[PDB]
Amino acid sequence: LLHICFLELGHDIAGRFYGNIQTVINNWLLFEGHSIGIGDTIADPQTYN
Amino acid sequence: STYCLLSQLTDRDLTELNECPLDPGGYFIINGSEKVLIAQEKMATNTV
Amino acid sequence: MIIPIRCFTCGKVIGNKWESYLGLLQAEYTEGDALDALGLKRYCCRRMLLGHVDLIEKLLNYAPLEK
Amino acid sequence: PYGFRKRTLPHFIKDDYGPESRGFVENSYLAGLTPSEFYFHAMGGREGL
Amino acid sequence: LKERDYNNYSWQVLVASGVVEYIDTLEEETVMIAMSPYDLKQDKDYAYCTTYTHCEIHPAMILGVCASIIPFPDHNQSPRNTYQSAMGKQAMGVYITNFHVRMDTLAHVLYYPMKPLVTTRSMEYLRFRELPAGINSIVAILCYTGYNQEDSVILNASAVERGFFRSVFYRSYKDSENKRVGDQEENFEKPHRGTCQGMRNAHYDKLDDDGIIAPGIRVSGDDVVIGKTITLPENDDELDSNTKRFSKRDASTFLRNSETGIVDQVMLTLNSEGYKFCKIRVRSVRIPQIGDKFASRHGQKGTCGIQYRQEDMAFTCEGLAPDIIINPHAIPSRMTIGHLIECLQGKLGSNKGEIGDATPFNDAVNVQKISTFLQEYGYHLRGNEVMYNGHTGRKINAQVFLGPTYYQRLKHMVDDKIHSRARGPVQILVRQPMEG
Amino acid sequence: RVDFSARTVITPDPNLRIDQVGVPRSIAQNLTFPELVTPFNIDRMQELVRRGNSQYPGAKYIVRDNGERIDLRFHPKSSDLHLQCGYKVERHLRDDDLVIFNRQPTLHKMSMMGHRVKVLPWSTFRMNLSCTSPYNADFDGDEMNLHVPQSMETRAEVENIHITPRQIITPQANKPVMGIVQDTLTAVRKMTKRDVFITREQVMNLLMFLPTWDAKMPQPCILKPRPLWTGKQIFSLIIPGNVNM
Amino acid sequence: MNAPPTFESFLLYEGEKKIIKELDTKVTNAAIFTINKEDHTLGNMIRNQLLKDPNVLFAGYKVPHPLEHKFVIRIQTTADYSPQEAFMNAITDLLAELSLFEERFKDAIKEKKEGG
Amino acid sequence: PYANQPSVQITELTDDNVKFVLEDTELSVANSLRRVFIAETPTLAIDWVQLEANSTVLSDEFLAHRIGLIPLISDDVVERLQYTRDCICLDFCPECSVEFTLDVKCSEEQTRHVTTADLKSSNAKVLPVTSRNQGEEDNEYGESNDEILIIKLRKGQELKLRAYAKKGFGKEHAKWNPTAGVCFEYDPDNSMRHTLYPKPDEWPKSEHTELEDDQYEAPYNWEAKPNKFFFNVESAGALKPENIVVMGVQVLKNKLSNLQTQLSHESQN
Amino acid sequence: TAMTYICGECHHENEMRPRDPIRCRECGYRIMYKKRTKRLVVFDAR
Amino acid sequence: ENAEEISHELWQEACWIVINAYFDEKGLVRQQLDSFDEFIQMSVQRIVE
RNA sequence: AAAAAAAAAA
Ligand SMILES: [Zn+2]
Ligand SMILES: [Zn+2]
Ligand SMILES: [Zn+2]
């Protein structure tokens, strides 16, 4: 998407699109959240067997 | 070491001389600078 | 070298609960019963007392500069 | 490699080609390693540096 | 060996009893050594070996000093263990107990050194319980506003204002007079404008009558700190006797420009040459800020991206604001499961009230056992907690992993590394800028 | 070695755009931009040299036509503070100043960009996260350098060549060098999922962080009984122009 | 050495207006209110009191930087009702609601202390 | 478009802790109430430190930081005292700051535990929290050292200091924080699915739950809105928790009235 | 003026003009420390 | 005779007591002091003899 | 003020 938005729109529009992604995504991540833990490292006991 | 003044001293005797009882030593004092000697690897002599 | 005044994560005052913690520990209590007797129901305040070292006792053993 | 006389470690037997003495790790990092395979992981991790 | 704590049954008696032998690396090719007596009690039908000559006391002693400080090093990566051994010497803490009388050129002392709640049995003999370096801190593993990306961490401003990793940096300066019979004569006294030639623009009023500052005086900028004036050579020109307006020259010792603080200790003595010898120690306050280098006990190095107050960051249902927040994306690439086991055992030992054991190659410590013991204390068995938004108060949709770990500050502060230059000195040979 | 340069430890800053760098206040006071004196901005440079080096923003030197340098630190004479047309004033680094941003070692063309100065209080360098891939930065104690152009035609060269959005595609392998990484990419993956049903209030929160938005909100995917959007509908507002893929 | 003062998070500087109003030109009856030296608290209160009004079509706060204590609210209403009047009614309703909160809390403390 | 009509239900009240339930109000109300209770609630704490004798084993700034974190009883004092910037005074007027003194010299062979009781106050009401601990003559706990230990001294060490305590709130510095952890919780049964449990059976039940033993999550209600909130405000000893609530609400009055005044000032343009 | 120092092991107030050699007059110890100043400097409690 | 055999948890406790006795007697810098004593006492006499 | 050596970070 980044390559074709550079090639079809220009340098400044793509560069603004880069910054327009990250602020909205990081503000949505406040609502959603993302976290790894020790429970993600443990599978099913049948899978372990 | 054996021949130093801090040989077999207690914690109270080291503390009265303003020395750390937990200090292991192992260094020389050269012109007020603590110098440590690093062991150097070498080949075993008289070995074929 | 000394107990802090307040809990870092929590803000609860912990400066008055260190010598009482030592006095509870020395008689017959364990660490958990001493922390429960001090009212530190949260583990955030309990970790300020479980791992605390008192290095000012070793500092006070040295002779002072001024008599 | 056989650093000792036909042994990777003195805790194994001479002329042993089994996966315990070879360097194969049968346990995960979550389960924990035996000291021999932890030493073999040190062997592997030194080579990258 | 339970009554050598009482009187006398020392280790040399155990060696002389015939049960412990000094086997070198050349004799290891001809002997048979085992992990444990459990290898000795195996039946002969499935025995790996039947002729055992030696047995290891404990395998965890194959590590050194700075590599044995890692809680559960067998659950981590060997290059990351090497990294933790490399930056284990760069931790901050109380290096010695008599630092108040010692004179070191660069020193750092933490306010509240913490012993590790998750510890091994190896640091009992390295005296890390009595002389620690690092702080047990509550950490969660989540993503908050994207400022923690690329190994970065975010501290809690309210905890740092309460004293979280605040330290003191001690810097020592020294000077000495020279009264050699053939030499220019220098003396320790307060310099004067009409008697000293080439005086640098500094505040000379802080010095005493002997040219040596008193302890407790605040110094900042380029303040003069040791006043030494050297006698000028006898260039008595007979063509013009009015040109000798100064008989001395300023040879003073000045404070470093980008450092401020309070003069801690002032020392005068006699050197080996018998002249006056001054040594001064000045203390400065190092508050954690943005860009200060922190590290874990598992190689999780990073810098402080931003600071957040308690009202503007995440809190649990119990109102617990963590001291520090990290990036989950630094976990799988570095391959640090032992950090998660340390966090879980820290939560278990802080809820229970016990010092956790993190001895490697120990079958008595398991992830499932720690989970089962943590389930009984009214928390989630994987250590996950439900937190809330700081700005809005909404529940986080993904549950997050929280608990106390042991983090170590590093000496690579941004105050000791910031540099800027517009125009300055040039070299006497090539007229190029300086170095350092 | 160069004269006008600085170097410090870098820290992330997600809300900054990629063509901007966060500059500490002491570095911006120490480093100076030698601006010429024009009749268009005679009053602003006059108030800058009246403020001087003691207050930010200000100036440190006036270099006139015959090469004479007038300082501001040692209480300058008011008769020496004359700004004729064509003089030189070394002002402080204000906002929107084009600078050179370089991490060592520089292995390729993309490891030094041009950036616009935004002044931030703290003593670290602040920049966008997508700079981490061309710079090969890790934010683990990375010391990194900044340089200030001392001629404004070189500043024009920085704008027309050295700027970041003009250097998006490498000629090495005809690919971009910056990209969406880390938890931003993880939440992009978790946000475009079909089961992500997002309310009016949350997309309302997400609306103001799009400065290129045309203030025309979309009709929701779900209209009854509750107005709900979706992740693709709000990523559609981020994508500009005609994009087919 | 570059640490900002801790009192700048709530104190305006010399000649710094607290509220700056900018008229939006993309759509009609839209405005942006910029408030300095505060945080998400007041903006969240203004927003979640404005969202109960059916007369408004757009009410939103945004903090552009955590290091800059400043936040903006874009408000667009219908063509019978000013955004400034909408914000005025929002803060009036907020003051009335938390005055009711203050008096119900005072009554609760009085009855809890008298009841034993 | 009008204001809400909320309701109160206090479940627990003591000297340093209060527990209550708010009904029929927005989530931003509860979140900002927690924010103003932690941050913007003012109290009195030591700010201006002057040392005349520091012959102990600790530095000046460490002792100043330790005495700055000590809570003070300021329940009836903080509403009348003004800030330093809001006074026409310059040399620390009594309506602007509270004077504290300390002068302890140890001449005994045992360790002298200098605590908050040696910190004398010029004001008759502005006292540390240990005034609540010195009156306990029924001490069956076994230890009478309930005071905050400031420093330990040996023989030959002395400490003399003069301090001025000013008015401030926790946003400026954390030594002015009146609370010790504010617990806030909404929807303990996850009826709204604001959080997503992969395994709801692995999570322990909250104390404000309404489900039975074999039920782990409430049924999903898309029509449900946040209107019931549980608060547990614990005091750090500086202020009474209901007084913390009262001054937080008064700070909210001051902030919203200032916004209204600024809007009415800038509207005439 | 002729001012004072503290001996390293005597902890004694030794006073002299600043041209005398560094020597204790009771035990003869080359180590002396300077007294803390009487100037009062303001410390903030933050 | 089987009462002298050490059980499993007794083996871990006993081996850590052995490590405690070893670190109580020898310490951590034993080789430096031992080599210094070898250099001072026997080596200098061998040089001058 | 130069040069040499050592310790490190990326
Ligand atoms: Zn706490
Ligand atoms: Zn006043
Ligand atoms: Zn003496």
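Residues numbered from 1 in each chain as written, not as in the entry; some residues may be left out. Chains lettered and ligands numbered in written order. Part of a larger assembly, values for the part shown. Heavy atoms only, no water. Residues with missing side-chain atoms left out of burial classes, pairs and counts.

As recorded in the entry header, the structure was determined using cryo-EM to a resolution of 7.8 Å.

**Considerations on the overall build of chain B**
What counts, and what does not: In this description a helix means any DSSP run of H or I spanning at least four residues, a strand means any run of E spanning at least two, and both kinds are numbered starting from the N terminus. Only protein chains enter the calculation, and the probe is 1.4 Å; a residue is then buried if its accessible area is under 20% of its type maximum, exposed if over 50%, and partly exposed in between. Computed with a 1.4 Å probe, the accessible areas rest on the Shrake-Rupley method; for each residue, only the protein chains presented here act as cover.
A count of helices and strands for chain B gives 1 helix and 2 strands. Reading the helices (α) and strands (β) of chain B from amino to carboxyl end gives α-β-β. Overall, chain B is about 55 × 25 × 20 Å in size when its C-alpha atoms are taken along their principal axes. Each of the 48 residues in chain B was classed as buried or not, and the buried ones make up 8%. A total of about 4,300 Å² of accessible surface is found on chain B, and carbon and sulfur atoms cover 55% of it.

**Description of the packing of aromatic side chains**
Counted only if it meets this: Aromatic contacts are taken between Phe, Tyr and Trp rings whose centres are within 6.5 Å, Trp giving its six-membered ring; a plane angle under 30 degrees counts as stacked, one over 60 as edge-to-face, and the others as tilted. Geometrically, a charge over a ring is one whose NZ (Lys) or CZ (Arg) sits within 6 Å of the ring centre while staying within 35 degrees of the ring normal.
Using the criterion set out here, one finds 44 aromatic pairs over all chains in the structure. Ring centres of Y95(E) and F99(E) lie 6.4 Å apart, and the angle between their planes is 55°; on these two criteria the pair is classed as tilted. Plain terms: the ring middles of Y125(E) and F23(J) are 5.1 Å apart, the flat faces sit at 10° to each other, and that makes the pair stacked. You can see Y125(E) sitting in the loop between β4 (118-119) and β5 (135-141) and its partner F23(J) sitting in helix α1 (residues 8-25), one on each of two chains. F23(J) gets classed as partly exposed once you look at its relative accessible area, which sits at 21%. Aromatic ring contacts, followed pair by pair, group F315(E), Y388(E), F101(G), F105(G), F20(H), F184(H), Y186(H), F229(H) and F231(H) into a single cluster. For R423(E), the ring lying beneath its charged end belongs to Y61(F), and the centroid distance is 5.1 Å.

**Description of the coordination of the zinc ion (ligand 1)**
Residue and element names in this part refer to chain C. Put simply, the test is: Metal donors: N, O and S atoms at distances within 2.8 Å, or within 3.2 Å for Na, K and Ca, with water omitted from the atom set so that some sites may seem incomplete. The geometry test gives tetrahedral to four donors whose angles all lie between 85 and 135 degrees, gives square planar to four donors and octahedral to six donors whose opposite members are over 155 degrees apart with all other angles between 65 and 115, and gives irregular to the rest.
Protein-derived ligands of the zinc ion (ligand 1) are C7 (SG), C10 (SG), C44 (SG) and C45 (SG), with the metal-ligand distances lying across 2.3 to 2.4 Å. One way to put it: the 4 donor atoms around the zinc ion (ligand 1) meet at angles of 105 to 122°, and that makes the site tetrahedral. Donor residues for the zinc ion (ligand 1), ordered by position in the chain, follow C-x2-C-x33-C-C. Here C7 is found in the segment before α1 (19-27), whereas its partner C45 is found in helix α3 (residues 43-50), with 38 residues between them in sequence. On the basis of relative accessible area, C45 is assigned to the buried category, the value being 1%.

**Considerations on the interface of chain G and chain F**
How large an interface is tends to be reported as the accessible area lost when its parts come together. How we decide: Residue contacts are defined here by distance: any two heavy atoms, one from each residue, within 4.5 Å place the two residues in contact. Here, a salt bridge means any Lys or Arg side-chain nitrogen found within 4 Å of an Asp or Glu carboxyl oxygen. Counted as a polar contact is a pair of N or O atoms within 3.5 Å, where, for protein atoms, one must be capable of donating a hydrogen and the other of accepting one, and residues adjacent in sequence contribute only when both atoms are in side chains. Each residue is assigned to one class: nonpolar for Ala, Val, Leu, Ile, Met, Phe, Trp, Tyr, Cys and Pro, charged for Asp, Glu, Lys and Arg, and polar for all the others, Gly among them.
Counting residues at the interface gives 21 residues for chain G and 21 residues for chain F. Across the chain G-chain F interface, the total number found is 1 salt bridge. With a closest N to O distance of 3.8 Å, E68(G) and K118(F) form a salt bridge. Counting the contacts that link chain G with chain F gives 6 residue pairs in polar contact. Counting residues per element, the side of chain G that touches chain F draws most heavily on strand β3 (residues 56-62) of chain G, which supplies 6 residues. Residues of the side of chain G that touches chain F, tallied by class, amount to 13 nonpolar, 3 polar and 5 charged.

**As for helix α2 (residues 35-48) of chain D**
Our working rule: What a helix is expected to span follows from its residue count: subtract one and scale by 1.5 Å.
Its 14 residues give α2(D) an end-to-end C-alpha distance of 20 Å, which sits within 8% of 20 Å, the value for a rise of 1.5 Å per residue. Those residues of α2(D) that fall on the buried side of the exposure criterion are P35(D), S36(D), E37(D), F38(D), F40(D), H41(D) and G45(D). Buried residues along α2(D) sit against α1 (19-22) of chain D together with α3 (78-88) of chain E.

**Some points on the sheet that holds strand β8 (residues 186-188) of chain E**
Adjacent strands of a sheet pair through backbone hydrogen bonds, lying either parallel or antiparallel. Our working rule: Here the rule is simple: two strands pair whenever DSSP picks up at least two bridges between them.
Strand order in the open sheet formed by 4 strands is β8-β12-β13-β9 (chain E), and the pairing between neighbours is mixed. Looking at the sheet topology across the chains shown, the edges are occupied by β8 and β9 (196-197) of chain E.

**Considerations on the protein's contact with RNA strand K**
Counted only if it meets this: In these notes, residues near a molecule or strand are those with any non-hydrogen atom within 4 Å of it.
By nearness alone, every residue bordering RNA strand K is listed as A86(E), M87(E), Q90(E), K293(E), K301(E), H412(E), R103(F), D140(F), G141(F) and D142(F). Within 4 Å of the protein, the atoms of RNA strand K are drawn from sugar and phosphate moieties in a proportion of 100%. Separating a sugar or linking oxygen of RNA strand K from a side-chain N or O atom of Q90(E) is a distance of 2.7 Å. For RNA strand K, a sugar or linking oxygen lies 2.7 Å from a polar atom in the side chain of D142(F). Along the lines of polarity and charge, the residues of the surface near RNA strand K split into 2 nonpolar, 3 polar and 5 charged.

**Here we look at the coordination of the zinc ion (ligand 3)**
Residues and elements named next belong to chain I. Coordination of the zinc ion (ligand 3) by the protein involves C7 (SG), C10 (SG), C24 (SG) and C27 (SG), with metal-donor separations of 2.3 Å. Taken in sequence order, the residues that donate to the zinc ion (ligand 3) follow the motif C-x2-C-x13-C-x2-C. Of this pair, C7 sits in strand β1 (residues 3-7) while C27 sits in the loop between β2 (13-16) and β3 (32-34), and the two are 20 residues apart along the sequence. Look at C7 and you get buried, because its relative accessible area is 1%.

**Notes on the packing of helix α2 (residues 11-32) of chain A against helix α5 (residues 182-191) of chain F**
Worth spelling out the cut-off: Each axis is a line fitted through C-alpha atoms, taken for helices only over the stretch in contact, and angles between the N-to-C directions span 0 to 180 degrees. Orientation is classified from the angle alone, with under 35 degrees giving roughly parallel, over 145 giving roughly antiparallel, 65 to 115 giving roughly perpendicular, and any other angle giving oblique.
Closest axis-to-axis distance for the α2(A)/α5(F) pair is 9 Å, and the angle between their directions is 70°. Comparing the axis directions of α2(A) and α5(F) gives the class roughly perpendicular. Between α2(A) and α5(F), the contacting residues are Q22(A), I25(A), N26(A), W28(A), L29(A) and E32(A) on the first element and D183(F), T184(F), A187(F), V188(F), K190(F) and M191(F) on the second. Taken together, the residues that form the contact of α2(A) with α5(F) break down as 6 nonpolar, 3 polar and 3 charged.

**Some remarks on the nonpolar core**
Formally: Residues belong to a common nonpolar core when they are buried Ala, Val, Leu, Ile, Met, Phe, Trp, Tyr or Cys residues joined through side-chain atoms within 4.5 Å.
Ranked by size, the top nonpolar core spans 135 residues in total, and within it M1(C), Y21(C), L49(C), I46(H), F100(H), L102(H) and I151(H) carry the most contacts. No other element matches α3(C), which puts 6 residues into this core. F100(H) has contacts with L72(H), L119(H), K120(H), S121(H), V126(H), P128(H), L161(H), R162(H), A163(H) and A165(H), leaving out every residue within four places of it along the chain.

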